[PDB]
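Written below as structure tokens is the structure these notes are about.
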Amino acid sequence: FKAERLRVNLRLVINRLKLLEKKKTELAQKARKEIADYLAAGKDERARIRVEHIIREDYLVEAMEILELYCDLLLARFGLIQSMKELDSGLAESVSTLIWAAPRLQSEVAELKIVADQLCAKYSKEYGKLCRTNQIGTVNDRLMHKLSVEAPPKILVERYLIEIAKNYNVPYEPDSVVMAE
Amino acid sequence: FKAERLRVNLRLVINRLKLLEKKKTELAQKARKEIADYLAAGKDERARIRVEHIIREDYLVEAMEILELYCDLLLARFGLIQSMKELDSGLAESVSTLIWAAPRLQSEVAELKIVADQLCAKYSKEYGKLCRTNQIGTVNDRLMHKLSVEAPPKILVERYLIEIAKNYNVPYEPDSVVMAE
Amino acid sequence: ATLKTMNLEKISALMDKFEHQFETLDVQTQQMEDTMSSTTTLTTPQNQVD
Amino acid sequence: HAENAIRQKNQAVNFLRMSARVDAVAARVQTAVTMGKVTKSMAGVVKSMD
């Protein structure tokens with residue numbers, strides 16, 4: 001385990017997350033316009049897939065915001081990392097989430113895997129790849145939900161479509177079966 | 001089985017289907033004009049063959065729309081593909097249809113065969129070329145009908161001719177034998 | 001000599017190949033353009049252009 | 001043309017800021033070079049005078 005390596009990788013992860021969330025917000029605007037165009041036509045069951053894409057990306061942006069927050073938290077309390085040998089309570093959440101989410105966002109942010117390494121190679125109490133996955137039952141549940149790979153609720157998709165239609169001056173008749181239940 | 005290969009091939013299939021349905025709509029307009037010209041003359045039994053061509057192409061365009069929908073559905077729930085080992089219910093229809101229709105539209109869309117490969121090489125429960133054809137009894141029946149290689153109903157052909165004539169200001173006397181039965 | 005070398009079968013096949021190759025090129029162009037645009041999105045914000 | 005104009009504006013601002021940064025760095029490096037020459041000359045003078 002190297003400390004300065006972890007510091008540099010944390011700063012890089014922060015910058016990368018900033019860039020990614022910016023450009024993802026922009027792409028989300030453009031793809032929302034695309035969904036509005038799709039709704040202009042009679043194609044409806046396809047706009048639901050497109051808006052699934054959109055809300056997945058939005059969950060992802062929120063999760064990246066949370067991860068940037070946690071990385072900056074670790075970077076603000078880095079000396080408290082170097083001094084102690086076991087992490088305190090103030091850093092349990094950050095370390096846990098940054099180790100749990102690394103394989104999730106490993107493709108988007110590469111440096112995150114190095115951060116996970118330095119945070120797994122520094123600890124031995126329930127640590128190590130195997131024990132690091134075993135002791136991952138203390139991560140932020142909200143971030144787990146944002147990065148949860150699951151079909152979003154249908155009513156949520158209908159609400160997303162209703163709002164986009166209402167904004168882009170396009171008519172849309174929600175599926176009452178899901179819109180009312 | 002490679003995941004990113006499947007992702008890229010799905011995106012390519014989507015783009016190809018978009019281009020194909022666009023240009024097929026255009027060609028359908030032009031060939032409808034041709035059928036109108038054919039009906040202008042006394043040639044009637046030939047316009048029926050031409051409109052058979054047309055309605056085959058229209059079935060094909062609708063089937064391509066459905067397939068684009070399903071490919072985008074898989075692409076929106078790709079993580080749910082990578083995580084599990086057996087497909088869930090939400091992806092049964094997409095996988096089944098994309099494996100069943102691949103040999104049908106293999107000539108039009110080449111990447112579709114690669115998609116079918118990645119979706120057959122990933123599963124073993126009733127999977128593999130032989131078992132993949134054996135377990136194909138759960139595909140969308142509508143798409144099966146759109147890609148069904150059969151002589152369309154004669155009354156449907158008469159309705160197609162009636163509409164084209166009425167639109168292009170050409171007289172046409174439908175075959176009463178089929179127009180009334 | 002020519003129609004023996006370049007007959008109707010070969011010509012039709014060659015033209016189907018031309019059409020399919022340039023359709024594939026149509027797909028490549030679309031995807032390439034999507035990516036080119038996605039690369040430069042912070043220099044060209046949609047809001048500013050609007 | 002609006003996309004092109006906005007892009008050119010933003011990239012011109014970026015190039016200007018970037019050139020300012022490189023100008024600062026180059027001024028610092030030029031100061032360092034001149035001071036290194038001065039320090040070398042004064043070391044030689046110290047040796048000779050010693």
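Residues are named by chain letter and number: chains run A, B, ... in the order of the structure tokens, numbers start at 1 in each chain, and ligands are numbered from 1 in the order shown.
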
Contact residues around stretch 26-43 of chain C with only C-alpha atoms at 9 Å, ignoring same-chain residues under 5 positions, as a PyMOL selection string: (chain A and resi 22-23+26-27) or (chain B and resi 11-12+15-16+19) or (chain C and resi 21) or (chain D and resi 6-11)

Dump as a tab-separated table (two decimals), in the first residue's frame, selection limited to N, CA, C and O atoms:
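Wrote result-v1.tsv, looks like this:
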chain	number	residue	atom	x	y	z
A	22	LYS	N	-20.74	16.28	-15.88
A	22	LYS	CA	-21.03	17.38	-16.79
A	22	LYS	C	-21.52	16.85	-18.14
A	22	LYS	O	-22.63	17.17	-18.60
A	23	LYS	N	-20.68	16.05	-18.80
A	23	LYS	CA	-21.02	15.62	-20.15
A	23	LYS	C	-22.25	14.71	-20.15
A	23	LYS	O	-22.99	14.69	-21.14
A	26	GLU	N	-25.26	16.94	-20.18
A	26	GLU	CA	-25.48	17.45	-21.53
A	26	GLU	C	-26.13	16.39	-22.43
A	26	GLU	O	-27.15	16.64	-23.10
A	27	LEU	N	-25.54	15.19	-22.46
A	27	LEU	CA	-26.10	14.10	-23.25
A	27	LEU	C	-27.52	13.77	-22.82
A	27	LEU	O	-28.34	13.38	-23.65
B	11	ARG	N	-25.91	-2.13	-30.79
B	11	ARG	CA	-25.98	-0.76	-31.27
B	11	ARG	C	-25.94	-0.71	-32.79
B	11	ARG	O	-26.70	0.04	-33.43
B	12	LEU	N	-25.06	-1.52	-33.40
B	12	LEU	CA	-24.97	-1.55	-34.85
B	12	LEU	C	-26.27	-2.05	-35.47
B	12	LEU	O	-26.72	-1.52	-36.49
B	15	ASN	N	-28.83	0.81	-35.41
B	15	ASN	CA	-28.59	1.79	-36.47
B	15	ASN	C	-28.97	1.24	-37.84
B	15	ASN	O	-29.62	1.92	-38.64
B	16	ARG	N	-28.57	0.00	-38.12
B	16	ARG	CA	-28.87	-0.61	-39.41
B	16	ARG	C	-30.37	-0.73	-39.62
B	16	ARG	O	-30.87	-0.48	-40.73
B	19	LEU	N	-31.78	2.75	-40.57
B	19	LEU	CA	-31.51	3.06	-41.97
B	19	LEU	C	-32.40	2.24	-42.89
B	19	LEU	O	-32.98	2.77	-43.86
C	21	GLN	N	-22.50	-2.16	-49.34
C	21	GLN	CA	-21.30	-1.55	-48.80
C	21	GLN	C	-21.55	-0.10	-48.41
C	21	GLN	O	-21.12	0.34	-47.34
D	6	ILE	N	-20.72	29.05	-31.41
D	6	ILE	CA	-20.56	28.83	-29.97
D	6	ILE	C	-19.30	28.04	-29.68
D	6	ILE	O	-18.55	28.35	-28.75
D	7	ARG	N	-19.04	27.00	-30.48
D	7	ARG	CA	-17.83	26.20	-30.29
D	7	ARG	C	-16.59	27.05	-30.47
D	7	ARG	O	-15.64	26.95	-29.67
D	8	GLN	N	-16.55	27.88	-31.50
D	8	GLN	CA	-15.38	28.72	-31.74
D	8	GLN	C	-15.19	29.72	-30.61
D	8	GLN	O	-14.06	29.94	-30.17
D	9	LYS	N	-16.27	30.31	-30.12
D	9	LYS	CA	-16.17	31.23	-28.99
D	9	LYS	C	-15.58	30.54	-27.77
D	9	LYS	O	-14.61	31.03	-27.16
D	10	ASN	N	-16.15	29.39	-27.40
D	10	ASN	CA	-15.69	28.70	-26.20
D	10	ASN	C	-14.24	28.24	-26.35
D	10	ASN	O	-13.44	28.38	-25.42
D	11	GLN	N	-13.89	27.69	-27.52
D	11	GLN	CA	-12.52	27.21	-27.70
D	11	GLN	C	-11.53	28.36	-27.80
D	11	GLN	O	-10.37	28.20	-27.42

Fewer than 4 positions away in the same chain doesn't count, so skip those; otherwise give me all residues within 7 Å of stretch 74-90 of chain B, counting only C-alpha atoms, as a list in words. residues 49, 52, 53, 149 and 150 of chain A; 7, 70, 94 and 123 of chain B

For the selection you just gave me, I'd like the residues written to a file as a PDB file, in the first residue's frame, keeping N, CA and C atoms.
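part-v6.pdb written:
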ATOM      1  N   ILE A  49     -38.288   2.654 -23.383  1.00  0.00           N
ATOM      2  CA  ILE A  49     -36.924   2.137 -23.333  1.00  0.00           C
ATOM      3  C   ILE A  49     -35.926   3.291 -23.316  1.00  0.00           C
ATOM      4  N   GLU A  52     -35.887   4.781 -19.995  1.00  0.00           N
ATOM      5  CA  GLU A  52     -35.146   3.896 -19.103  1.00  0.00           C
ATOM      6  C   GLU A  52     -33.656   4.195 -19.185  1.00  0.00           C
ATOM      7  N   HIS A  53     -33.130   4.289 -20.409  1.00  0.00           N
ATOM      8  CA  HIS A  53     -31.755   4.749 -20.595  1.00  0.00           C
ATOM      9  C   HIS A  53     -31.508   6.040 -19.821  1.00  0.00           C
ATOM     10  N   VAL A 149     -28.695  -2.463 -10.567  1.00  0.00           N
ATOM     11  CA  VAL A 149     -28.951  -2.870 -11.945  1.00  0.00           C
ATOM     12  C   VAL A 149     -30.286  -3.621 -11.932  1.00  0.00           C
ATOM     13  N   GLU A 150     -31.368  -2.873 -12.109  1.00  0.00           N
ATOM     14  CA  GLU A 150     -32.704  -3.449 -12.065  1.00  0.00           C
ATOM     15  C   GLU A 150     -33.631  -2.625 -12.945  1.00  0.00           C
TER      16      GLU A 150
ATOM     17  N   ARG B   7     -22.781  -5.796 -26.932  1.00  0.00           N
ATOM     18  CA  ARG B   7     -23.230  -4.411 -26.838  1.00  0.00           C
ATOM     19  C   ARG B   7     -23.035  -3.678 -28.163  1.00  0.00           C
ATOM     20  N   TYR B  70     -36.703  -4.353 -29.265  1.00  0.00           N
ATOM     21  CA  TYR B  70     -36.182  -5.392 -28.381  1.00  0.00           C
ATOM     22  C   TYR B  70     -34.677  -5.249 -28.171  1.00  0.00           C
ATOM     23  N   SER B  94     -37.255 -10.713 -25.498  1.00  0.00           N
ATOM     24  CA  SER B  94     -36.231 -10.110 -26.348  1.00  0.00           C
ATOM     25  C   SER B  94     -35.244 -11.158 -26.841  1.00  0.00           C
ATOM     26  N   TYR B 123     -25.957 -18.925 -22.796  1.00  0.00           N
ATOM     27  CA  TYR B 123     -26.920 -19.743 -22.081  1.00  0.00           C
ATOM     28  C   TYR B 123     -26.726 -21.211 -22.430  1.00  0.00           C
TER      29      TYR B 123
END

Could you build a table of the residues in chain A lying no more than 12 Å from chain B, giving for each the nearest pair of atoms and their separation in Å rounded to one decimal place, using only C-alpha atoms, ordered by chain and ascending residue number, as a tab-separated table?
residue	atom	partner	partner_atom	distance
A:43	CA	B:65	CA	9.7
A:44	CA	B:69	CA	10.4
A:45	CA	B:69	CA	7.9
A:46	CA	B:69	CA	5.8
A:47	CA	B:69	CA	9.3
A:48	CA	B:73	CA	9.2
A:49	CA	B:73	CA	5.9
A:50	CA	B:72	CA	7.9
A:51	CA	B:76	CA	9.4
A:52	CA	B:76	CA	6.7
A:53	CA	B:76	CA	5.6
A:54	CA	B:76	CA	9.4
A:55	CA	B:76	CA	10.3
A:56	CA	B:76	CA	8.3
A:57	CA	B:76	CA	10.3
A:103	CA	B:83	CA	11.9
A:104	CA	B:79	CA	9.6
A:105	CA	B:79	CA	11.6
A:107	CA	B:4	CA	11.2
A:147	CA	B:79	CA	10.3
A:148	CA	B:79	CA	9.4
A:149	CA	B:80	CA	5.9
A:150	CA	B:80	CA	6.6
A:151	CA	B:77	CA	7.0
A:152	CA	B:77	CA	9.9

Quick one: write out the picked residues with C-alpha atoms as a CSV table (one decimal), in the first residue's frame?
chain,number,residue,atom,x,y,z
A,43,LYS,CA,-44.1,5.3,-31.0
A,44,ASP,CA,-44.7,4.9,-27.3
A,45,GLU,CA,-43.4,1.5,-26.1
A,46,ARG,CA,-40.0,2.6,-27.5
A,47,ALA,CA,-39.9,5.9,-25.7
A,48,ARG,CA,-40.2,3.9,-22.5
A,49,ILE,CA,-36.9,2.1,-23.3
A,50,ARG,CA,-35.3,5.4,-24.2
A,51,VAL,CA,-36.4,7.0,-20.9
A,52,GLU,CA,-35.1,3.9,-19.1
A,53,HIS,CA,-31.8,4.7,-20.6
A,54,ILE,CA,-32.2,8.3,-19.4
A,55,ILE,CA,-33.1,7.5,-15.8
A,56,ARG,CA,-30.3,5.0,-15.6
A,57,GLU,CA,-27.9,7.7,-16.6
A,103,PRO,CA,-16.2,-2.9,-9.8
A,104,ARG,CA,-19.5,-1.2,-10.7
A,105,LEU,CA,-18.0,2.0,-12.2
A,107,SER,CA,-15.3,0.9,-16.8
A,147,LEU,CA,-26.2,1.8,-9.0
A,148,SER,CA,-28.7,-1.0,-8.7
A,149,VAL,CA,-29.0,-2.9,-11.9
A,150,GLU,CA,-32.7,-3.4,-12.1
A,151,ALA,CA,-35.7,-2.6,-14.3
A,152,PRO,CA,-36.9,0.7,-12.9

With only C-alpha atoms as the counted atoms, please give the residues lying no more than 9 Å from residue A:146, apart from itself and same-chain residues fewer than 4 positions off, as a list in words. residues 56, 58, 59, 60, 61, 62, 63, 141 and 142 of chain A

Can I get the selection written as an mmCIF file, in the first residue's frame, with C-alpha atoms?
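Output below, filename part-v2.cif:
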data_model
loop_
_atom_site.group_PDB
_atom_site.id
_atom_site.type_symbol
_atom_site.label_atom_id
_atom_site.label_comp_id
_atom_site.auth_asym_id
_atom_site.auth_seq_id
_atom_site.Cartn_x
_atom_site.Cartn_y
_atom_site.Cartn_z
ATOM 1 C CA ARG A 56 -30.349 4.959 -15.594
ATOM 2 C CA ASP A 58 -29.450 10.068 -14.065
ATOM 3 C CA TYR A 59 -29.103 7.518 -11.267
ATOM 4 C CA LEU A 60 -25.513 7.144 -12.452
ATOM 5 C CA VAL A 61 -24.847 10.888 -12.294
ATOM 6 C CA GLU A 62 -26.259 11.079 -8.766
ATOM 7 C CA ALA A 63 -24.129 8.105 -7.715
ATOM 8 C CA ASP A 141 -27.903 2.138 0.772
ATOM 9 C CA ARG A 142 -28.827 5.149 -1.365
#

Atomic separation - atom CA of residue D:2 relative to atom CA of residue C:46, Å: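 Computing the Euclidean distance for atom CA of residue C:46 and atom CA of residue D:2 yields 9.9 Å.
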
Name all residues at most 8 Å from stretch 154-170 of chain A (count only C-alpha atoms; drop same-chain ones fewer than 4 positions away) and give them as a PyMOL selection string. chain A and resi 32-33+35-36+39-40+47-48+51-52+174-175+178-179

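Computed from the coordinates, the atom CA of residue B:137 to atom CA of residue B:96 distance equals 8.2 Å.
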
List every residue of chain C that DSSP, applied to the backbone, labels as alpha helix (DSSP H), and write the result as number ranges by chain. C: 2-5, 8-39, 46-49

Any idea what the distance is between atom CA of residue D:13 and atom CA of residue C:50?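 These atoms are spaced 19.7 Å apart.
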
If the cut-off is 8 Å, can you tell me the residues of chain C near chain D, counting only C-alpha atoms? I'd like them as a ChimeraX atom specification. /C:43-45,48-49

May I have the selected residues written with N, CA, C and O atoms, as a PDB file, in the first residue's frame?
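result.pdb written:
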ATOM      1  N   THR C  43     -17.716  22.229 -25.159  1.00  0.00           N
ATOM      2  CA  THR C  43     -17.423  23.417 -25.947  1.00  0.00           C
ATOM      3  C   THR C  43     -18.646  23.932 -26.688  1.00  0.00           C
ATOM      4  O   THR C  43     -18.702  25.119 -27.028  1.00  0.00           O
ATOM      5  N   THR C  44     -19.625  23.062 -26.946  1.00  0.00           N
ATOM      6  CA  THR C  44     -20.850  23.409 -27.665  1.00  0.00           C
ATOM      7  C   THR C  44     -22.046  23.003 -26.812  1.00  0.00           C
ATOM      8  O   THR C  44     -22.665  21.954 -27.053  1.00  0.00           O
ATOM      9  N   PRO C  45     -22.402  23.800 -25.807  1.00  0.00           N
ATOM     10  CA  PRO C  45     -23.599  23.488 -25.020  1.00  0.00           C
ATOM     11  C   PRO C  45     -24.864  23.752 -25.817  1.00  0.00           C
ATOM     12  O   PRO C  45     -24.990  24.771 -26.501  1.00  0.00           O
ATOM     13  N   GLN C  48     -26.599  27.123 -24.990  1.00  0.00           N
ATOM     14  CA  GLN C  48     -26.012  28.318 -25.585  1.00  0.00           C
ATOM     15  C   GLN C  48     -26.393  28.449 -27.052  1.00  0.00           C
ATOM     16  O   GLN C  48     -26.680  29.551 -27.529  1.00  0.00           O
ATOM     17  N   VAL C  49     -26.396  27.334 -27.785  1.00  0.00           N
ATOM     18  CA  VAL C  49     -26.772  27.378 -29.194  1.00  0.00           C
ATOM     19  C   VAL C  49     -28.234  27.785 -29.339  1.00  0.00           C
ATOM     20  O   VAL C  49     -28.583  28.611 -30.192  1.00  0.00           O
TER      21      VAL C  49
END

Fewer than 4 positions away in the same chain doesn't count, so skip those; otherwise give me all residues within 12 Å of residue A:126, counting only C-alpha atoms, as a ChimeraX atom specification. /A:86-87,96,120-122,130-137
